[PDB]
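First up is the structure itself, then whatever we jot down about it.
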Amino acid sequence: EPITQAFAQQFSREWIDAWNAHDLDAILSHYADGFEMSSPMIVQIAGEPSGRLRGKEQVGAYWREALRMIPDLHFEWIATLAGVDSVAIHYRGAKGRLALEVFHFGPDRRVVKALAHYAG
Amino acid sequence: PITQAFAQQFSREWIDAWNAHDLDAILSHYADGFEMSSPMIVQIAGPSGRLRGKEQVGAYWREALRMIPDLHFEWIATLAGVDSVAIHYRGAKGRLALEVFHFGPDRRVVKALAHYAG
């Protein structure tokens, strides 16, 4: 059974809402221990040429600071598309960038790997 | 990392190749031995949803073009990640789609993952 649309939509609505609520515990609840995070923002900010960070402590530290610095952070959900073991959430970012985040899920239905993409 | 200039040009190329119904051109963007996943493959081929290589994957896309001879992809957006590009488009029958492309050292696709709206 590939990722169901039931799941993809409900995941998307909770993930968007968790970010919009600036509720880091809620956000992190969707992720597996040791999840991998890839983002152009990691290259730039974290100073990691690979653009990768791993785990809730390490990735959470950045997100915690994002919420602190961007106190009225808000994402607009545009679309969700389902793949085999992944969901892609297309949304408009906190500063108007267009975003497309791919989430790969593990056995427990939590995100084991996420990759961010942007334009604009 | 991938640049925005690269991503947008790649996307123009990929959408155009599909809209020209040009299997050779489509495949020219991919590395030999590339991997591709799609929830369509799960259904047809039967869990990973994966095919590999230009022989195997080309067969499938050859069949797609034969089944939908007036296939047209309406481009919606292209986004850049660290080693990947995401192309969002309206595909066959107006279904929204997304293809994620991971690139190798010669700027060709080594891994691609299809996603569809429902």
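How things are named: the first chain in the structure tokens is A, the next is B, and so on; residues count from 1 in each chain; ligands count from 1 in the order shown.
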Using only C-alpha atoms, I'd like a table of the residues in chain B that come within 9 Å of chain A; for each, show the closest atom pair and its distance in Å rounded to one decimal, ordered by chain and ascending number, as CSV.
residue,atom,partner,partner_atom,distance
B:1,CA,A:40,CA,7.7
B:2,CA,A:40,CA,8.9
B:4,CA,A:119,CA,7.3
B:37,CA,A:84,CA,7.1
B:38,CA,A:84,CA,6.2
B:39,CA,A:84,CA,5.0
B:40,CA,A:84,CA,8.8
B:42,CA,A:2,CA,7.4
B:43,CA,A:1,CA,8.8
B:47,CA,A:1,CA,7.4
B:48,CA,A:84,CA,6.8
B:49,CA,A:84,CA,6.4
B:77,CA,A:119,CA,8.3
B:78,CA,A:119,CA,7.0
B:79,CA,A:118,CA,4.7
B:80,CA,A:117,CA,4.7
B:81,CA,A:117,CA,4.0
B:82,CA,A:40,CA,5.3
B:83,CA,A:50,CA,8.8
B:84,CA,A:117,CA,7.8
B:85,CA,A:117,CA,7.2
B:86,CA,A:117,CA,7.0
B:88,CA,A:90,CA,8.8
B:96,CA,A:81,CA,7.7
B:97,CA,A:81,CA,6.7
B:98,CA,A:81,CA,6.9
B:100,CA,A:102,CA,8.6
B:113,CA,A:83,CA,7.2
B:114,CA,A:83,CA,6.0
B:115,CA,A:83,CA,4.2
B:116,CA,A:81,CA,4.7
B:117,CA,A:81,CA,4.3
B:118,CA,A:5,CA,6.2
Same residues, N, CA, C and O atoms, output as a compact mmCIF listing (two decimals), in the first residue's frame:
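Written file, selection_24.txt:
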# COMPACT_ATOMS: atom_id res chain seq x y z
N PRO B 1 25.93 23.12 -3.84
CA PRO B 1 24.48 22.79 -4.03
C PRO B 1 23.87 23.22 -5.38
O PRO B 1 24.48 23.99 -6.12
N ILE B 2 22.67 22.73 -5.68
CA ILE B 2 21.94 23.02 -6.92
C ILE B 2 21.66 24.48 -6.99
O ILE B 2 21.36 25.07 -5.98
N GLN B 4 19.38 27.81 -8.53
CA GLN B 4 18.08 28.15 -9.07
C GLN B 4 18.12 28.25 -10.62
O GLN B 4 17.18 27.79 -11.29
N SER B 37 11.13 6.01 -8.83
CA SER B 37 10.05 5.45 -8.08
C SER B 37 8.79 6.20 -8.43
O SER B 37 8.79 7.39 -8.70
N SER B 38 7.70 5.45 -8.46
CA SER B 38 6.39 6.01 -8.64
C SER B 38 5.32 5.12 -8.01
O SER B 38 5.41 3.91 -8.08
N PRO B 39 4.28 5.73 -7.46
CA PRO B 39 3.21 4.92 -6.94
C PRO B 39 2.48 4.20 -8.05
O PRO B 39 1.80 3.18 -7.81
N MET B 40 2.65 4.67 -9.28
CA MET B 40 2.11 3.90 -10.41
C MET B 40 2.85 2.56 -10.57
O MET B 40 2.26 1.51 -10.92
N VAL B 42 4.16 0.75 -8.28
CA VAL B 42 3.70 -0.17 -7.23
C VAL B 42 2.53 -0.96 -7.70
O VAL B 42 2.44 -2.17 -7.51
N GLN B 43 1.60 -0.25 -8.32
CA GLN B 43 0.38 -0.83 -8.80
C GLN B 43 0.66 -1.84 -9.94
O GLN B 43 0.20 -2.99 -9.90
N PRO B 47 6.63 -3.00 -4.28
CA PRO B 47 6.32 -2.31 -3.01
C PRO B 47 7.13 -1.04 -2.91
O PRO B 47 6.61 0.02 -2.53
N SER B 48 8.39 -1.15 -3.32
CA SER B 48 9.29 -0.02 -3.45
C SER B 48 8.85 0.91 -4.59
O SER B 48 9.25 2.07 -4.59
N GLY B 49 8.08 0.40 -5.55
CA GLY B 49 7.62 1.21 -6.70
C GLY B 49 8.74 1.61 -7.62
O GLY B 49 8.66 2.65 -8.29
N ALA B 77 5.40 24.93 -11.08
CA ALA B 77 6.47 25.53 -10.31
C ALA B 77 7.67 24.60 -10.28
O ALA B 77 7.55 23.39 -10.28
N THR B 78 8.84 25.20 -10.14
CA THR B 78 10.07 24.43 -10.01
C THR B 78 10.80 24.98 -8.80
O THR B 78 10.94 26.20 -8.68
N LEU B 79 11.31 24.09 -7.96
CA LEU B 79 11.96 24.49 -6.71
C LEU B 79 13.28 23.77 -6.60
O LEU B 79 13.42 22.68 -7.10
N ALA B 80 14.22 24.41 -5.94
CA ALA B 80 15.56 23.85 -5.77
C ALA B 80 15.85 23.47 -4.35
O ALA B 80 15.64 24.25 -3.43
N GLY B 81 16.40 22.24 -4.20
CA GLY B 81 16.88 21.75 -2.94
C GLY B 81 18.41 21.72 -2.98
O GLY B 81 19.04 22.38 -3.80
N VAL B 82 18.99 20.97 -2.07
CA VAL B 82 20.47 20.90 -1.97
C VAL B 82 21.02 20.09 -3.14
O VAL B 82 21.92 20.57 -3.85
N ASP B 83 20.52 18.88 -3.38
CA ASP B 83 20.98 18.11 -4.55
C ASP B 83 19.82 17.68 -5.43
O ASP B 83 20.01 16.87 -6.33
N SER B 84 18.66 18.33 -5.27
CA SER B 84 17.49 17.91 -5.98
C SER B 84 16.74 19.12 -6.48
O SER B 84 16.93 20.24 -6.03
N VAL B 85 15.93 18.83 -7.48
CA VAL B 85 15.00 19.78 -8.06
C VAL B 85 13.65 19.13 -7.96
O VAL B 85 13.48 17.94 -8.20
N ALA B 86 12.64 19.97 -7.70
CA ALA B 86 11.26 19.53 -7.66
C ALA B 86 10.50 20.27 -8.73
O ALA B 86 10.50 21.51 -8.77
N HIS B 88 6.75 20.70 -10.18
CA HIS B 88 5.33 20.58 -9.96
C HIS B 88 4.61 20.99 -11.24
O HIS B 88 4.91 22.01 -11.85
N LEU B 96 -2.59 16.68 -10.73
CA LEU B 96 -1.42 17.39 -10.25
C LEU B 96 -0.34 16.38 -9.90
O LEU B 96 -0.61 15.31 -9.31
N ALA B 97 0.88 16.81 -10.16
CA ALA B 97 2.01 15.92 -10.06
C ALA B 97 3.21 16.64 -9.57
O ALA B 97 3.32 17.89 -9.64
N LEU B 98 4.16 15.84 -9.12
CA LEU B 98 5.41 16.35 -8.69
C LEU B 98 6.44 15.29 -9.01
O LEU B 98 6.23 14.10 -8.92
N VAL B 100 10.49 14.67 -8.17
CA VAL B 100 11.68 15.10 -7.48
C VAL B 100 12.87 14.43 -8.16
O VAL B 100 12.83 13.23 -8.40
N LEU B 113 11.65 10.64 -8.20
CA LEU B 113 10.55 10.14 -7.43
C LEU B 113 9.31 10.88 -7.85
O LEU B 113 9.27 12.10 -7.80
N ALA B 114 8.32 10.12 -8.30
CA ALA B 114 7.07 10.74 -8.74
C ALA B 114 6.10 10.82 -7.55
O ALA B 114 6.05 9.90 -6.73
N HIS B 115 5.29 11.86 -7.53
CA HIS B 115 4.23 12.07 -6.55
C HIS B 115 3.04 12.62 -7.30
O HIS B 115 3.18 13.35 -8.28
N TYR B 116 1.85 12.24 -6.85
CA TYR B 116 0.59 12.66 -7.46
C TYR B 116 -0.40 13.06 -6.42
O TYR B 116 -0.44 12.50 -5.32
N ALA B 117 -1.23 14.03 -6.78
CA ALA B 117 -2.30 14.43 -5.94
C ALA B 117 -3.42 13.40 -6.11
O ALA B 117 -3.42 12.63 -7.07
N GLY B 118 -4.36 13.39 -5.17
CA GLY B 118 -5.48 12.44 -5.21
C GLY B 118 -6.79 13.13 -4.93
O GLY B 118 -7.71 12.50 -4.37
Original post:
Hey, what does DSSP flag as strand (DSSP E or B) within range 21-98 of chain A? Can you give it to me as a list in words?
Top reply: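 Those in range 21-98 of chain A that DSSP calls strand (DSSP E or B) are residues 31, 32, 33, 34, 35, 36, 37, 38, 52, 53, 54, 76, 77, 78, 79, 80, 81, 82, 86, 87, 88, 89, 90, 91, 92 and 98 of chain A.
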Subject >> Which of range 52-99 of chain B DSSP labels alpha helix (DSSP H), written as a PyMOL selection string >> reply: chain B and resi 53-67
Next, the residues of the selection above should be written as a short mmCIF file (atom, residue, chain, number, x, y, z; two decimals), in the first residue's frame with N, CA and C atoms.
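Okay, part.cif is ready:
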data_model
loop_
_atom_site.label_atom_id
_atom_site.label_comp_id
_atom_site.auth_asym_id
_atom_site.auth_seq_id
_atom_site.Cartn_x
_atom_site.Cartn_y
_atom_site.Cartn_z
N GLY B 53 17.31 2.11 -14.64
CA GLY B 53 17.96 2.06 -15.91
C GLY B 53 17.13 2.55 -17.05
N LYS B 54 17.82 3.00 -18.08
CA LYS B 54 17.13 3.56 -19.22
C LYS B 54 16.31 2.52 -20.00
N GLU B 55 16.75 1.26 -20.01
CA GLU B 55 16.00 0.22 -20.73
C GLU B 55 14.62 0.03 -20.08
N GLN B 56 14.63 -0.21 -18.78
CA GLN B 56 13.43 -0.53 -18.04
C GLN B 56 12.52 0.67 -17.92
N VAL B 57 13.09 1.79 -17.54
CA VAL B 57 12.25 2.98 -17.33
C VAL B 57 11.74 3.55 -18.67
N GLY B 58 12.56 3.51 -19.69
CA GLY B 58 12.18 3.98 -21.00
C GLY B 58 11.00 3.20 -21.57
N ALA B 59 10.97 1.90 -21.27
CA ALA B 59 9.87 1.05 -21.71
C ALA B 59 8.58 1.58 -21.14
N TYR B 60 8.59 1.90 -19.85
CA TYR B 60 7.44 2.39 -19.22
C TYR B 60 7.02 3.73 -19.79
N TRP B 61 7.96 4.64 -20.01
CA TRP B 61 7.55 5.96 -20.48
C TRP B 61 7.13 5.89 -21.97
N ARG B 62 7.72 4.94 -22.69
CA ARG B 62 7.35 4.67 -24.08
C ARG B 62 5.88 4.27 -24.08
N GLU B 63 5.51 3.40 -23.14
CA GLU B 63 4.10 2.99 -23.00
C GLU B 63 3.19 4.15 -22.60
N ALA B 64 3.68 5.04 -21.73
CA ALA B 64 2.90 6.18 -21.33
C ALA B 64 2.58 7.03 -22.56
N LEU B 65 3.59 7.29 -23.37
CA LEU B 65 3.42 8.16 -24.54
C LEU B 65 2.53 7.53 -25.57
N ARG B 66 2.55 6.20 -25.65
CA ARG B 66 1.71 5.45 -26.57
C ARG B 66 0.27 5.50 -26.05
N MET B 67 0.05 5.36 -24.74
CA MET B 67 -1.31 5.42 -24.15
C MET B 67 -1.92 6.83 -24.20
#
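Across the model, the gap from CA of residue 23 in chain A to CA of residue 72 in chain A is 12.1 Å.
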**OP:** Would you mind listing what lies within 10 Å of residue 27 in chain A as JSON, numbers by chain, with only C-alpha atoms counted and same-chain residues fewer than 5 positions away left out?
**Re:** {"A": [14, 15, 16, 17, 18, 19, 20, 21, 22, 60, 63]}
Subject >> Length of the CA of residue 110 in chain B to CA of residue 25 in chain B vector [Å] >> reply: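 Between CA of residue 110 in chain B and CA of residue 25 in chain B the gap works out to 15.8 Å.
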